[PDB]
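Okay, here we've got a single chain as structure tokens, the form deposited without the partner chain, with questions on binding and movement later.
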């Protein structure tokens, strides 16, 4: 029933299957790293990410006269076995918390079904996998075997609090925006969280508040998983499409812009900043992309490799994109089914909706100002549970989000840095 069938321990011996040393397609050289397969198509690498971007392999913090506003550095974080063990257990716990909700179950199912499209072939008469959507697993005999995957959760790079989805690009194809999709690497940590303010006028002001309430890490991970979903189905909105914030004087006086992809991901009233016209533009654009995938599948006559049959892969993508198959067997995109899937991925899976399911306090809008970063430990059940997060039932922390109240539940939070006034 659980999303993760086995409760891995970082020190569990490698078996070359779900506990193995692996290498990722970063187009460069790297020493193998120990990774854990927690679910079909999903892996966790308890290491700081110095791999997806070779130009970001330095965890060392620059001089004090260089650190910006919202950022936190600690080159030693996640360098020991105990930390990696706790990281693995923390990430797994959050996946279970997310999966325990109907919305999270729906999102994770979509993610697992969202296999990156096999569009690496040079000939249109054959389908071939794109190698950067795979990892190389060291087998018991020391040989490497290529395994396709959809998602990898990895530790943050130098800036510990800069969580984000990273994926390998293609020489020509924009995999996260052409309907194809690509393996997503989420830089994330379950060992820290952020403080926000309960009053909207305070939370959206850069000069007020110390961060009384703590964001539930499950929401933060869910936010990244939503981005991952968009990217796996190749419908992420180009980052150059932004909202020139004009609803917050502090954002405005700095000409700050926020991408539509982020507003869409948060959802709620934020998603309304993307007008109907531009929204319809994107819908049509991605509809056309799904059409091309349907046609590319029809042009295929043979498959490259022996991992699976051509008909099998045609079926996995028929299910991913919910395509229709006529009498002749040709695939086509049905407008109704497309709109439903597109809407599910963009309107149903949103941060705002997850807050409703988790019943937690959270920022009311993406257009606010961070307050602080806290060190936390969600592994012990006495601190955080799959079912209630920090707001433990039948305790003084059960009501009024008392568990997220860092002043009441102070034993669960250590403020590492204050951001207010530093913008």
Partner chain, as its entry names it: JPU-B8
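Residue numbers count along the first chain shown, from 1.
Chemist: Among the other PDB entries compared that flank it on both sides, is residue 69 unmodelled in a third or more?
Modeler: Negative; every one of those entries includes residue 69.
Chemist: In at least a third of the other compared PDB entries, does residue 391 have no coordinates?
Modeler: Looking at the other entries that model residues on either side of it, residue 391 is present in every one.
Chemist: Which of the two stretches, 298-306 or 90-98, shows the higher mean Cα temperature factor in the record?
Modeler: Higher mean C-alpha B-factor: 298-306.
Chemist: With respect to the recorded C-alpha B factors, which stretch has the higher mean value, 60-68 or 29-37?
Modeler: The stretch with the larger average C-alpha B-factor is 60-68.
Chemist: Among 208, 161, 106, 323, single out the one with the highest C-alpha B factor in the record, please.
Modeler: The listed residue with the largest C-alpha B-factor is 323.
Chemist: Maximum C-alpha temperature factor per the entry, among 153, 263, 256, 237, belongs to which one?
Modeler: Highest C-alpha B-factor among the listed residues goes to 256.
Chemist: Compared with the other modelled residues in the chain, in which third is the CA B-factor of residue 362?
Modeler: Residue 362: CA B-factor falls in the lowest third of its chain.
Chemist: Which third of the chain does residue 147 land in by C-alpha B-factor: lowest, middle or highest?
Modeler: Middle third of the chain for residue 147's C-alpha B-factor.
Chemist: Relative to the other modelled residues in the chain, which third contains the C-alpha temperature factor of residue 226: lowest, middle or highest?
Modeler: Lowest third - that is where residue 226 ends up once the chain's C-alpha B-factors are sorted.
Chemist: Tell me, lowest, middle or highest third: where does the Cα B factor of residue 126 rank within its chain?
Modeler: According to the entry, residue 126 has a C-alpha B-factor in the chain's highest third.
Chemist: Based on the deposited C-alpha B factors for this chain, I'd like to know if residue 380 is in the lowest, middle or highest third.
Modeler: Middle third of the chain for residue 380's C-alpha B-factor.
If you look for the form deposited with the partner chain bound, you will not find it shown, but the lines that follow are about it.
Chemist: Tell me whether 103, 335 and 339, taken together, all sit within 4.5 Å of the partner chain in the entry with it bound, counting heavy atoms only.
Modeler: Yes, the whole trio is in contact, each within 4.5 Å by some heavy atom.
Chemist: Even though the partner isn't displayed, in the entry with it bound is residue 296 close enough to the partner chain, meaning a heavy atom within 4.5 Å?
Modeler: Residue-level check for residue 296: no, no contact with the partner chain.
Chemist: Heavy atoms within 4.5 Å of the partner chain in the entry with it bound: does residue 74 have any?
Modeler: Answer no; every heavy atom of residue 74 is more than 4.5 Å from the partner chain in the entry with it bound.
Chemist: Residue-level question: is residue 123 within 4.5 Å of the partner chain in the entry with it bound, judged on heavy atoms?
Modeler: No - in the entry with it bound, heavy atoms of residue 123 and the partner chain never come within 4.5 Å of each other.
Chemist: Answer yes if any heavy atom of residue 353 is within 4.5 Å of a heavy atom of the partner chain in the entry with it bound; otherwise answer no.
Modeler: Within the cut-off, so yes.
Chemist: Please pick, from 291, 283, 330, 301, the one residue with any non-hydrogen atom lying within 4.5 angstroms of the partner chain in the entry with it bound.
Modeler: It is 283 that has a heavy atom within 4.5 Å of the partner.
Chemist: Taking the partner chain in the entry with it bound, which residues along 340-360 bring a heavy atom to within 4.5 Å of it?
Modeler: Residues within 4.5 Å: 340, 342, 343, 344, 346, 347, 348, 353, 356, 357.
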